[PDB]
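>>> Fold the following, please.
(one chain, ligands or ions: 2)
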Amino acid sequence: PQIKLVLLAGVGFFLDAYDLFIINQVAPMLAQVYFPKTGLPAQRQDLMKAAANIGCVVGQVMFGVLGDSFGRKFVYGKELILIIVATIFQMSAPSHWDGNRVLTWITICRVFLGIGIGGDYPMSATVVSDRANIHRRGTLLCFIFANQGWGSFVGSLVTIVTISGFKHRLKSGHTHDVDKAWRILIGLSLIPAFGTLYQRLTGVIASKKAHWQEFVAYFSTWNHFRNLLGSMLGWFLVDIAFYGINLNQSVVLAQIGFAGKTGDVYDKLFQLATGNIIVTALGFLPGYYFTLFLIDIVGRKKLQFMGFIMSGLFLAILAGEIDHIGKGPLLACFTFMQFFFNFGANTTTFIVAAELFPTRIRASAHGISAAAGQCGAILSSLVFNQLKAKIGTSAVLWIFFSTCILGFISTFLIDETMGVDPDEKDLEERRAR
Ligand SMILES: CCCCCCCCCO[C@@H]1O[C@H](CO)[C@@H](O)[C@H](O)[C@H]1O
Ligand SMILES: CCCCCCCCCO[C@@H]1O[C@H](CO)[C@@H](O)[C@H](O)[C@H]1O
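Numbers count the residues shown, from 1 in each chain. Ligands and ions are numbered 1, 2, ... in the order given. Below is the structure in question.
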């Protein structure tokens, strides 16, 4: 039936999400092995974490050219093998290498990893927005998008299980086995990857200038231009804080009381992994499902309004009080923020970008909107840890705060897509004129 296809897209989203966010759990282990006395260099850590998002836009543009040039049967399988190979090379960095060399190994591997993740990422949204043509199209988009929380959650769940497995061996003095652990965290993504592989198995310039002429003609009108504008900004703006935080969630929990002064090698890693599962289970994951139950009742905008404006509130409380109040109050607000990321802008911007546009231009407008989002992701990802040392963490959170207010303001540019058919709206727009 039609069901088996959306699950395959879901596990595609899950694997992308797992592979994307698992770098947040892997980074602290690399520190203990190759840089035990000093932290990971700021510039090198930023490059490593942005690498996946950098490839993510390269993927959907390259797999866009190749997919438009030679069809869909030329990209469907090849996207999955690229992230599999990138996982293996990343997994098998020579353990006898220098710290900087190991880092440079992993950064490069994750770029190719991003290129594959970029393929099935916008392609999983169109298959179910074009197919449904029903009021319950948003809940379908949200369900596949909800796998992003499971990717972050399962990665967090995998981490505590892995760390607790090395407990006795670490306590008995075998401290280098953490070098084995971080390879296991990355490798475990291979299990659904191979399973999906089997199930997936078992006049070009004249047309590009004609669709460009229609695209330019369409988005040269205000009521049509602004819909692409708000779609581009909202996805761009939410991804700044969203990926800057979620790819650095372990860094924030280090300013909070989860990075102490007590404990040995195991005690340190386990307390940090404890906070990560708390936040992603209590906040990050359920946010997708609150969005799931209310988009076709409340509307995309009101949820986007709330999502942008609520997560901002908790960002200001952090920035003002992070250096002044205790761990408890800070942790609670951090979880609330993560909750309203997925219960709000992060999920709706993905939905709104696929729901706003008539099909005749939707591929570009969603592609540009998704590309716009990844642009915000790479911005924060590339500079997050560098700013943290130059201006301080409180100052950086004030920046993420400002991006949320602008997202709230920009959301006014969007038409509410709940229950509206963008193709029927375009047809009625034309028949009246
Ligand atoms: C599909 C996955 C592709 C994996 C690519 C692995 C690239 C490994 C890079 O090695 C390192 O490159 C640095 C400069 O390039 C050198 O400073 C260093 O001496 C060298 O060890
Ligand atoms: C510096 C100037 C900035 C101008 C930004 C103003 C955005 C105006 C958007 O209004 C839109 O008008 C439509 C009706 O025409 C409504 O259907 C739609 O809901 C609403 O979003």
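>>> give me phi/psi at the nearest residue to residue 51 once chain neighbours are set aside?
Spatial nearest neighbour of residue 51, chain neighbours left out: residue 110 (3.8 Å); criterion: CB to CB, 6 or more residues apart in numbering. To be clear about C-beta, it is placed using only N, CA and C from the backbone, and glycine gets the same treatment. Main-chain dihedrals, residue 110, degrees, to the nearest 10: phi -70, psi -20.
>>> Residue 291 against residue 139, yeah?
No: contact criterion CB atoms under 8 Å: residue 291 and residue 139 do not qualify, at 9.2 Å.
>>> So the two - more neighbours on which side?
Counted by other CB atoms under 10 Å, residue 291 and residue 139 do not tie: residue 291 has more neighbours, with 30 against 19.
>>> helices or strands next to the helix or strand where the more buried one lies in the packing?
Element membership for residue 291 (DSSP states H and E) is helix 285-298. Contacts defined by 3 or more CB pairs under 8 Å, 6 or more residues apart in numbering; DSSP states H and E place helix 285-298 against helix 138-165, helix 300-321, helix 327-340, helix 346-355.
>>> want to try TSV for those, with distance to residue 282 as columns?
As requested, the helices and strands packed on helix 285-298 are exported to TSV (distance: least, CB to CB, whole Å):
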stretch	distance to residue 282
helix 138-165	10
helix 300-321	14
helix 327-340	5
helix 346-355	17
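>>> Would you tell me which one of these is buried the most?
The highest mean neighbour count among these, using mean count of other CB atoms under 10 Å, belongs to helix 346-355: a mean of 29.
>>> heading toward the C-terminus, what's the first helix or strand past that one?
helix 359-390.
>>> Give the buried residues for that next one.
361-385, 387-388 (16 or more other CB atoms under 10 Å).
>>> Quick check, the residue nearest to residue 51 in contact with residue 86.
Yes: contact criterion CB under 8 Å: residue 110 and residue 86 qualify, at 6.9 Å.
>>> Which residue does the stretch 151-300 of the chain have closest to ligand 1?
In the stretch 151-300 of the chain, the residue that lies nearest ligand 1 is residue 186 (12.7 Å; CB to the nearest ligand atom).
>>> Chain neighbours aside, what residue packs nearest to that residue?
Residue 186 sits nearest to residue 91 (CB to CB, 6+ apart), 5.2 Å away.
>>> mind listing what the one you found touches?
Residues near residue 91 by CB atoms under 8 Å, 6 or more residues apart in numbering: 183, 186-187.
>>> again, but for residue 294
Counting by CB under 8 Å, 6+ apart, residue 294 touches residue 303.
>>> separation between it and residue 134?
Distance, residue 294 to residue 134, by CB to CB, to the nearest Å: 17 Å.
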